[PDB]
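Throughout, a chain's letter reflects where its sequence line sits, starting with A, and its residues are numbered from 1. Just the heavy atoms: all of them, side chains too, but no hydrogens, waters or symmetry mates, feed the values below. Just follow the structure's listing: the first ligand is 1, and inside any ligand the first atom is 1.
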Number of protein chains: 2
Amino acid sequence: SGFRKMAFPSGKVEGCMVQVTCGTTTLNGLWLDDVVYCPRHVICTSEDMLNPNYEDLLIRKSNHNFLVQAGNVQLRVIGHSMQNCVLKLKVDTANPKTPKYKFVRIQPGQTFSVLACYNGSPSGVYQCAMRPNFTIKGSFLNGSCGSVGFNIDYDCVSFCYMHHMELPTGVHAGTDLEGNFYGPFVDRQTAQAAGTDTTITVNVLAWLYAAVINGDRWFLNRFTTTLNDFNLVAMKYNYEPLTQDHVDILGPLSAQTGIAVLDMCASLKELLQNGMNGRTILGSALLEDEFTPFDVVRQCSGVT
Amino acid sequence: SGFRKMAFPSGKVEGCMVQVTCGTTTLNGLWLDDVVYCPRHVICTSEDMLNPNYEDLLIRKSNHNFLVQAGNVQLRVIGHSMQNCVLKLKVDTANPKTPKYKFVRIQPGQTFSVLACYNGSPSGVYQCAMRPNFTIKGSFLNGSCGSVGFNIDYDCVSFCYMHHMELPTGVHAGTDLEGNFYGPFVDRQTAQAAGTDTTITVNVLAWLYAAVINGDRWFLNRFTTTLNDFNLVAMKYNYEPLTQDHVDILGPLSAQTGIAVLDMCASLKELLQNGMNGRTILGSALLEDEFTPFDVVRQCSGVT
Ligand SMILES: O=C(Cc1cncc2ccccc12)N(CCC1CCCCC1)Cc1cccs1
Ligand SMILES: O=C(Cc1cncc2ccccc12)N(CCC1CCCCC1)Cc1cccs1
């Protein structure tokens with residue numbers, strides 16, 4: 001029992017973190033096989049960020065201008081290319097610690113673990129989610145760029161995010177491991193507003209199911225609702241619309257607790273309309289939306 | 001910017017996790033050098049837990065009754081002893097992945113990372129704190145015993161906790177790596193009530209400092225208070241008394257923000273007396289107490 005914001009063990013990803021320096025800029029790189037993946041803004045100075053032309057800036061760089069350090073040993077760069085907003089630095093040594101891996105592009109509402117790094121060294125691990133506005137509410141300081149987001153399925157590490165940016169609003173933006181930004185963000189130091197940060201309804205429902213499993217049942221009411229009625233209330237409260245795909249995805253949690261999905265929706269509806277009244281659910285005073293139904297099942301079953 | 005409940009990278013501790021089986025009971029062990037540390041209740045059946053006499057139960061066990069598996073390879077047990085509530089299983093192979101380590105006994109209010117394990121395999125990592133009542137609010141299922149709590153200082157892993165128990169209240173109890181329980185808990189399946197779970201005031205103040213650094217300043221008021229006046233309010237709200245040692249420990253955060261410790265105490269006092277009014281601080285609707293002043297500084301500075 002007990003329910004925690006849990007991240008995947010970071011060991012497999014720590015073994016991939018390297019330091020990439022280009023000129024006076026230093027950030028993190030991900031070393032998988034004989035390729036080092038890093039944000040392309042490693043080639044920029046702070047002044048360049050206002051209006052960078054990456055292709056032109058890259059012309060003035062050669063393999064030897066990219067310094068890659070794994071531990072206290074330097075890696076030899078034998079090739080370099082730009083794929084969208086990431087640079088692929090081909091090195092002469094395959095990473096002996098390369099885990100089994102995939103590059104996946106996640107959807108909003110999907111959660112992942114981040115291994116925050118500075119100078120190629122891991123400093124911390126936390127769990128977060130891709131917000132519906134395509135931002136992540138991370139914890140990143142200057143130099144954290146190149147830190148990655150990932151999920152683990154037994155032994156396979158699915159890399160889904162690479163950190164690139166902090167918007168003026170203090171939220172974060174980044175790309176998948178192919179260099180494509182999540183959302184409409186660009187790697188320029190320019191006015192970029194995130195968009196409405198809606199609550200991930202399916203994740204809130206999953207977390208309400210986790211609360212019932214773990215004993216917090218005070219919020220359970222005697223009502224039920226329909227998808228349409230529930231969505232009228234969800235829209236008013238800046239909650240994402242709930243689909244039949246979401247109801248289907250909550251099926252196993254519905255079965256384990258004996259609580260139909262639409263009954264849990266009615267309980268959520270009253271929590272939105274009446275507030276918590278100074279009460280908590282799993283030690284939280286707000287409705288948590290950064291646990292997917294898969295995370296709730298994984299944590300409550302004990303997947304290793 | 002951004003502030004997250006961050007755990008230490010778990011890699012160094014993942015390399016120590018082994019599976020210990022005795023008879024029909026299986027739990028986790030910590031393999032450091034040629035010794036495997038595990039809860040002594042690995043020798044008990046579910047029936048034995050009601051009234052175990054560990055010394056007598058242990059007499060019927062020999063080195064060969066303890067099965068240690070690291071990965072898919074079995075380790076040879078060449079010696080066994082009971083130190084308080086942990087068993088030390090001497091194996092014939094020193095762990096090739098032993099990090100630099102210490103066994104420390106933490107105080108209440110101190111935070112640590114837990115690598116939750118099942119069958120010697122890591123399943124997740126989260127950050128928690130030793131509560132003032134000596135319980136931990138973890139996330140542990142049956143089979144999680146032997147999972148450890150730790151802190152990392154650069155390359156040294158300080159092991160501070162080993163999971164043993166879940167109290168009827170759903171909270172957790174465990175020992176330091178010498179087998180001594182935190183608090184008055186015993187490894188018996190018997191009625192054990194935790195005691196008042198007070199809020200760690202010094203940690204709440206540290207987190208209020210983190211909020212100011214990260215831009216959430218709405219709670220800052222025009223008042224100040226004294227340690228005695230503040231403590232009269234803190235007692236009423238089940239908050240731990242604040243000492244001059246705590247004020248001293250908050251000095252660097254006070255300096256970085258320009259906010260005197262007693263001014264932050266007055267802000268906290270009004271938050272306790274008036275509530276949040278539907279507002280949040282670092283995306284939380286309650287006052288967070290599981291970040292020490294050291295954690296706030298570490299996260300805000302970027303210690304690797
Ligand atoms: O946002 C960052 C990094 C960053 C990330 N997370 C958190 C940050 C916190 C503080 C400062 C910076 C942070 N950029 C890079 C900073 C420069 C450092 C020197 C060399 C040239 C880049 C600016 C842009 C990238 C893309 C579009 S604007
Ligand atoms: O509390 C646990 C483990 C546990 C921990 N965290 C979470 C748990 C969740 C569910 C069940 C159990 C949990 N004990 C061990 C369970 C037995 C399993 C079979 C063999 C004999 C022991 C009972 C006691 C230990 C000390 C005093 S009473």
Could you go through ligand 2 and list every pair where one of its N or O atoms sits under 3.5 Å from a protein N or O, giving the atom names and the distance to one decimal?
unit_1   : atom_1 : unit_2   : atom_2 : d
ligand 2 : 1 (O)  : B/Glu166 : N      : 3.1
ligand 2 : 6 (N)  : B/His163 : NE2    : 2.9

Quick check: do B/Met17 and B/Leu30 have side-chain heavy atoms less than 4.5 Å from each other? yes
Gap between atom CE of B/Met165 and atom CD of B/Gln192 - 0.5 Å precision: 4.0 Å
Please list, chain by chain and in numerical order, all residues satisfying side chain to side chain donor-acceptor pair (under 3.5 Å) with B/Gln69, sequence neighbours excluded. none
Side chains of residues 56-66 of chain B: which donor-acceptor partners sit under 3.5 Å, not counting sequence neighbours?
unit_1  : atom_1 : unit_2  : atom_2 : d
B/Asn63 : OD1    : B/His80 : N      : 3.4
B/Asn63 : OD1    : B/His80 : ND1    : 2.7
B/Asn65 : OD1    : B/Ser62 : N      : 2.8

Show me the pairs that pass side chain to side chain donor-acceptor pair (under 3.5 Å) and involve residues 119-128 of chain B, at least two apart or across chains. B/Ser113-B/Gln127
Any donor-acceptor pair under 3.5 Å linking the side chain of B/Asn28 with the backbone of B/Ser144? yes
